[PDB]
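Trainee: Quick one: structure below, then a few questions.
Every residue, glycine among them, receives a Cβ derived from its backbone with ideal geometry; neighbour counts consider all protein chains shown. Just so it is clear, none of the values below were taken in a lab; they were calculated from the coordinates.
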Number of protein chains: 2
Amino acid sequence: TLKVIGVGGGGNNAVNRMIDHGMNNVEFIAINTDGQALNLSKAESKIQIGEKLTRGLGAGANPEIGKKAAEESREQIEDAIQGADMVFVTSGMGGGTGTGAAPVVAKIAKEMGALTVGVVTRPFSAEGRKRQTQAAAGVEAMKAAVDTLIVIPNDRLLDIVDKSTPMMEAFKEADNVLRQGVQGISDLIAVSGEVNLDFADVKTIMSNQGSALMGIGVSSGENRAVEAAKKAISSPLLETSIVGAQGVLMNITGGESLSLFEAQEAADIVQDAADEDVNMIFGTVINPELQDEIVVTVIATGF
Amino acid sequence: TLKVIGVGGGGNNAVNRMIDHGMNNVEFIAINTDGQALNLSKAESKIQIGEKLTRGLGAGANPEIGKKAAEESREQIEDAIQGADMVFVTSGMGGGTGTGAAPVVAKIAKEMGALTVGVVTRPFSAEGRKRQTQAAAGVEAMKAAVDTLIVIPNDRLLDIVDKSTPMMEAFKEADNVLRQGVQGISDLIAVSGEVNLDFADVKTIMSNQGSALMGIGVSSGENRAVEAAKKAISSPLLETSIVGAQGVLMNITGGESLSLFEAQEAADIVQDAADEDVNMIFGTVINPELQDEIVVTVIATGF
Ligand SMILES: Nc1nc2c(ncn2[C@@H]2O[C@H](COP(=O)(O)OP(=O)(O)OP(=O)(O)O)[C@@H](O)[C@H]2O)c(=O)[nH]1
Ligand SMILES: Nc1nc2c(ncn2[C@@H]2O[C@H](COP(=O)(O)OP(=O)(O)OP(=O)(O)O)[C@@H](O)[C@H]2O)c(=O)[nH]1
Ligand SMILES: [Mg+2]
Ligand SMILES: [Mg+2]
């Protein structure tokens with residue numbers, strides 16, 4: 001009676017999240033151009049489009065490919081729609097597959113008679129200008145091919161999460177913040193007994209200082225070192241009041257691939273942000289359970 | 001070498017979170033007045049204080065009890081400190097146990113020679129005026145008994161989570177938002193086949209409307225009905241632009257205890273917020289996996 005079709009990479013991930021969470025009496029269909037990513041989809045129906053233009057590879061962030069690739073497979077798409085009274089076209093706008101194919105997939109199911117509802121997201125502004133522009137063009141194309149369209153701008157995703165967070169889960173977040181503050185110091189000073197830092201350095205930093213401020217920044221990807229350091233500096237506690245810090249304690253924790261040059265980089269970032277006479281000591285921790293994300297946590301004292 | 005002591009209810013929950021997450025080379029101690037809650041603590045060291053004043057019950061949000069209850073057990077507290085070079089006093093300020101005992105526990109370990117570091121949180125402003133005032137008094141007492149004090153105001157917890165959220169986890173949140181939007185409609189209309197709503201009502205609401213806006217609000221506790229409805233109305237998509245909605249679709253999902261009067265209440269809240277000529281239909285879903293929290297999700301159309 002109801003069919004939900006995830007088109008694109010992020011569209012498939014949302015569908016897989018709809019399945020892992022208990023969802024019944026809905027028929028799932030995964031549409032994508034990445035051959036490998038469709039193998040990861042838990043959806044019953046899987047449709048690969050545009051194999052002649054991509055050879056099983058991704059659409060390559062070009063929405064013009066996504067438009068044609070969906071047109072080349074008009075046959076198979078209509079077959080999966082058959083029998084549906086209402087259809088959900090869930091996609092992430094800004095890419096090449098979802099940005100181009102989702103409007104096509106919508107117009108097919110709409111002209112086939114079903115109630116076509118689009119449920120899409122605008123990308124984060126940090127993803128670049130081109131991805132935002134392509135998304136805007138796709139949302140306009142989506143609006144002209146659906147009965148109703150739901151637009152989720154990722155820039156306002158933080159507040160949607162806040163209103164959808166119960167008070168029980170809120171304290172669980174506060175629990176993890178207290179953990180990150182304590183672990184950020186203990187994993188740096190008392191580190192078993194091969195080679196690490198000592199105590200007298202930490203003593204001078206925190207002995208009878210008084211009020212302290214904390215910042216946490218987690219980042220991954222190419223420029224993960226600069227980004228994680230920037231995120232930690234712009235936390236509400238330290239964005240306006242690290243320049244007066246006379247003592248700084250920094251913990252950088254990363255996966256197996258965490259280079260030592262990457263550690264000095266984030267250290268130099270926090271060091272420059274602090275006072276000129278700052279007394280900064282830092283160290284590095286290798287937690288392999290983190291795949292390739294780093295967690296820069298910094299404590300500031302003095303004032 | 002390092003000891004972390006969670007004093008109070010929330011203090012124990014943070015310690016248990018420090019243990020479930022892989023944390024090594026630290027000695028955990030749980031201090032509290034709730035006899036049952038200390039049975040739930042995974043900490044190796046457990047200390048119940050003030051059994052004569054509370055008989056194993058909670059301190060009752062009176063910080064004066066927490067001060068004496070920690071003084072009555074000065075003996076056992078000093079025994080757990082012994083051998084520590086640095087001690088962490090993690091507590092939630094605003095209560096009765098943590099607000100009063102944590103300053104005492106800190107001054108004991110500080111005069112015993114260890115490096116005393118306080119890691120506490122201010123309560124949410126939504127928790128009341130008295131709990132904020134008691135926390136402010138306790139933070140002042142904490143500051144006068146520790147070497148350094150870390151203050152986490154829960155009002156700014158949302159931004160700390162944002163900077164500590166990697167881009168991989170950010171899309172996982174967006175995945176769950178798309179799920180909540182689609183599930184909020186499918187669980188309302190096509191509901192198997194005993195007794196529920198029909199299709200022609202949903203057809204008139206969404207046929208050729210165009211742009212739509214979504215709001216999600218999750219709440220639990222005593223006044224959970226009004227709160228969850230208020231949270232959904234003040235989402236970034238609907239807080240400024242539901243008054244012009246000519247059609248509203250509302251899904252209220254709750255646990256086993258979800259009363260039917262509770263459903264009409266939240267419906268009347270959203271109904272009043274919309275336009276006078278609004279065409280609102282709604283329904284109720286019982287998901288027992290939710291213990292006692294409700295999830296009000298609302299779709300708006302028209303404009
Ligand atoms: N909900 C959700 N959105 C995502 C996810 N990953 C990326 N996005 C968003 O979707 C936009 C486009 O990414 P994709 O959907 O993967 O692009 P695609 O069309 O599937 O991939 P290409 O065929 O190479 O163009 C990005 O700008 C992100 O904002 C995800 O895992 N979940
Ligand atoms: N980190 C964290 N903080 C919490 C948690 N629960 C409550 N809090 C905060 O702690 C403050 C006081 O709550 P509790 O710590 O439970 O008070 P308590 O002293 O342990 O309990 P009483 O002995 O009855 O006074 C509240 O205002 C909350 O803001 C939690 O689970 N984790
Ligand atoms: Mg992809
Ligand atoms: Mg308690």
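Trainee: Before rounding to the nearest 500, sum -39500 (n - 2.57) across all DSSP H runs of length at least 4 in chain B and divide by the residue total; then give [θ] at 222 nm in deg cm²/dmol. Mind showing how you got there, number by number?
Mentor: Details: 12 runs with 128 residues, N = 303.
Only helices count here, giving -12500 deg cm²/dmol.
Trainee: Still on this structure: Report for the stretch B:166-303 the percent antiparallel among DSSP-assigned beta bridges with both residues inside it, nearest 5.
Mentor: Details: 15 of 23 bridges.
Roughly 65 percent of the DSSP beta bridges within the stretch B:166-303 come out antiparallel.
Trainee: Greater than 18 Å separation of Cα atoms is the criterion. Which listed pairs, A:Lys52/A:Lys130; A:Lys68/A:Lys107; A:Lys3/A:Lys42, meet it? List each step's numbers first, then the result.
Mentor: On the way: A:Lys52/A:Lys130 26 Å; A:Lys68/A:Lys107 14 Å; A:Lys3/A:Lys42 15 Å.
Violating the 18 Å Cα-Cα cut-off are A:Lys52/A:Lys130.
Trainee: Further question on the same structure: Tally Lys/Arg at +1 and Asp/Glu at -1 over every other residue whose Cβ is under 10 Å from the Cβ of B:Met168; what's the total? Let's see the in-between values first.
Mentor: On the way: positive: B:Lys172; negative: A:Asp292, A:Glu293, B:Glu169.
Cβ neighbours under 10 Å give a net charge of -2.
Trainee: Ignore the peptide's own chain and count Cβ atoms of other chains within 10 Å of each Cβ in B:235-246; give me the average, rounded.
Mentor: Details: counts 6, 9, 7, 1, 2, 0, 0, 0, 0, 0, 0, 0.
Averaged over the peptide's residues, the number is 2.
Trainee: About the Cα centre of the protein assembly as shown, what is the dipole size in debye to 20, counting +1 per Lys and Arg Cβ and -1 per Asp and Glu Cβ, all else neutral?
Mentor: Numbers: 48 positive and 80 negative charges, 60 e Å.
Approximately 280 debye in magnitude.
Trainee: Follow-up. Over the C-alpha atoms of chain B, what are the Rg and the largest Cα-to-Cα span, Dmax, in Å?
Mentor: 24.5, 75
Trainee: Which distances in nm, rounded to one decimal and ordered from shortest, link the label point of A:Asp20 to the equivalent label points in the other identical copies, with labels set 7 Å from Cα toward Cβ?
Mentor: 1.7
Trainee: For the protein assembly as shown, place one equal point scatterer on every Cα, skip the solvent, and apply the Debye formula. What is log10 of I(q)/I(0) at q = 0.09 Å⁻¹?
Mentor: Each listed q corresponds, in turn, to -0.81.
Trainee: Considering every residue in B:202-214, what mean count of other chain Cβ atoms within 10 Å of its Cβ is obtained? Intermediate results must be reported in sequence, preceding the final value.
Mentor: Details: counts 3, 4, 0, 1, 7, 3, 3, 4, 6, 6, 9, 3, 5.
Mean shielding count: 4.
Trainee: Can you tell me what percent of all Cα-Cα pairs in the stretch B:93-146 are more than 17 Å apart? Display every interim value, and only then the final one.
Mentor: On the way: 464 of 1431 pairs.
That tail contains 32 percent of the Cα-Cα pairs.
Trainee: If contacts are Cα pairs under 8 angstrom and at least 6 residues apart, what is the relative contact order of the stretch A:166-303 in percent? Working shown, then result.
Mentor: Details: 246 pairs, mean separation 45.8, N = 138.
Across the stretch A:166-303, relative contact order equals 33 percent.
Trainee: Could I ask something else about it? Write down the percent of antiparallel bridges among all DSSP beta bridges whose residues are both part of chain A, to the nearest 5.
Mentor: DSSP beta bridges in chain A are roughly 30 percent antiparallel.
Trainee: In degrees, nearest 10, range 0 to 90: what is the angle between the Cα axis of helix A:9-20 and the longest Cα principal axis of chain A?
Mentor: Rounded to the nearest ten degrees, it is 90.
Trainee: How big is the Rg/Rh ratio for the stretch A:214-303, C-alpha atoms only, Rh by Kirkwood, two decimals? Before the final figure, lay out the partial values.
Mentor: Details: Rg = 12.3 Å, Rh = 12.7 Å.
Rounded to two decimals, Rg over Rh is 0.96.
Trainee: A further question follows. Angle check, please: helix B:63-72 long axis (alpha carbons) against the longest principal axis of chain B (alpha carbons), in degrees 0 to 90, nearest 10.
Mentor: 30 degrees
Trainee: Follow-up question, since we're still on this one. What is the mean number of Cβ atoms from other protein chains located within 10 Å of the Cβ atom of each residue in peptide A:287-296, rounded to a whole number? Write out the running numbers ahead of the final one.
Mentor: Details: counts 1, 0, 2, 1, 1, 2, 4, 1, 2, 2.
If you average over the peptide's residues, the count of other-chain Cβ atoms is 2.
Trainee: On to the next question. Can you give me the long-range amide H partners of B:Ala245? Hydrogens built in the peptide plane at 1.01 Å from N, cutoff under 5 Å, separation of 5 or more residues or another chain.
Mentor: The answer is B:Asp275.
Trainee: What residues qualify as long-range amide H neighbours of B:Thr121, i.e. H under 5 Å apart, gap of 5 or more or another chain, H built at 1.01 Å from N?
Mentor: B:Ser91, B:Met93, B:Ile152
Trainee: Could you tell me the extents of the stretch A:101-246's C-alpha atoms along the three principal axes, largest first, rounded to whole Å?
Mentor: Principal axes ranked by extent give 74, 35, 34 Å for the Cα atoms.
Trainee: Quick one: plug the Kirkwood hydrodynamic radius of the stretch B:1-165 (C-alpha pairs) into Stokes-Einstein at 37 °C, 0.692 mPa s, and report D in µm²/s.
Mentor: Numbers: Rh = 15.6 Å.
Estimated via Stokes-Einstein, D reaches 211 µm²/s.
Trainee: So what's the gap between the Cα centers of the stretch B:240-284 and the stretch B:16-61, to the nearest angstrom?
Mentor: After rounding, the separation between the Cα centres reads 43 Å.
Trainee: Once you list every other residue whose beta carbon is under 15 Å from the beta carbon of A:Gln264, what net charge do they have if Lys and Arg are +1 and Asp and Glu are -1? Each step should come with its number before you reach the end.
Mentor: Values: positive: A:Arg224; negative: A:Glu262, A:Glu265, A:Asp268, A:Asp272.
So the surrounding residues net to -3.
Trainee: What ³J(HN,Hα) values, in whole Hz, does the Karplus curve 6.51 cos²θ - 1.76 cosθ + 1.60 give for the stretch A:200-207 when θ = phi - 60°, with x put for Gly and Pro?
Mentor: 4, 5, 5, 4, 5, 7, 10, 6
Trainee: Now for a separate question. At 7 angstrom along the Cα-to-beta-carbon line, where would the label on A:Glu194 sit relative to the other copies? Give the distances in nm, shortest first.
Mentor: Counterpart label points of A:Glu194 in the remaining copies fall at 6.1 nm.
Trainee: Taking only Cα atoms, what is the 0 to 90° angle, nearest 10, from helix A:260-273's long axis to the longest principal axis of chain A?
Mentor: Roughly 70 degrees, rounded to the nearest 10.
Trainee: Once phi is turned into ³J(HN,Hα) by the Karplus curve 6.51 cos²θ - 1.76 cosθ + 1.60 with θ = phi - 60°, what whole-Hz value does each residue of the stretch A:212-222 show in order, with x for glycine and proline?
Mentor: Once θ is set to phi - 60°, the couplings for the stretch A:212-222 become 10, 10, 10, x, 10, x, 10, 8, 8, x, 5 Hz.
Trainee: Based on DSSP, what percent of beta bridges with both residues in the protein assembly as shown are antiparallel, to the nearest 5?
Mentor: Values: 30 of 108 bridges.
The antiparallel proportion sits near 30 percent.
Trainee: Mind listing the long-range amide H neighbours of B:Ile299? Cut-off is under 5 Å, sequence gap 5 or more, other chains count too, H placed in the peptide plane at 1.01 Å from N.
Mentor: B:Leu249, B:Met250, B:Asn251
Trainee: Would you list which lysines come within 17 Å of B:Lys230, measuring only between C-alpha atoms, while excluding same-chain residues fewer than 8 positions from it?
Mentor: Leaving aside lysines fewer than 8 places away in the same chain, those within reach of B:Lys230 are A:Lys163.
Trainee: Ok, one more. If contacts are Cα pairs under 8 angstrom and at least 6 residues apart, what is the relative contact order of chain A in percent? Provide the component values of the computation, followed by the final result.
Mentor: Details: 603 pairs, mean separation 38.9, N = 303.
Result for chain A is 13 percent.
Trainee: What is the ratio of the Cα radius of gyration of the stretch A:1-49 to 2.2 N^0.38 Å, where N is its residue count, to two decimals? Present the calculation step by step, with values, prior to reporting the outcome.
Mentor: On the way: Rg = 9.9 Å, N = 49, 2.2 N^0.38 = 9.7 Å.
This ratio for the stretch A:1-49 stands at 1.02.
Trainee: Per residue, what volume in Å³ does the convex hull of the Cα atoms of the stretch A:51-125 enclose?
Mentor: Details: hull volume 6.1 nm³, N = 75.
Spread over its residues, the Cα hull of the stretch A:51-125 gives 82 Å³ apiece.
Trainee: Ok, one more. Along the axis that rotates chain B into chain A, which residue of chain B has the nearest beta-carbon, and what is the gap in whole Å?
Mentor: For the rotation taking chain B to chain A, the closest Cβ gives B:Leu158, 3.
Trainee: So what is the relative contact order of the stretch B:1-165, in percent, for Cα pairs below 8 Å that sit 6 or more residues apart?
Mentor: Here the relative contact order equals 21 percent.
Trainee: Along Cα→Cβ at 7 Å, what distances in nm separate the B:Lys42 label point from those on the other copies, shortest first?
Mentor: So the distances to the same position in the other copies read 2.4 nm.
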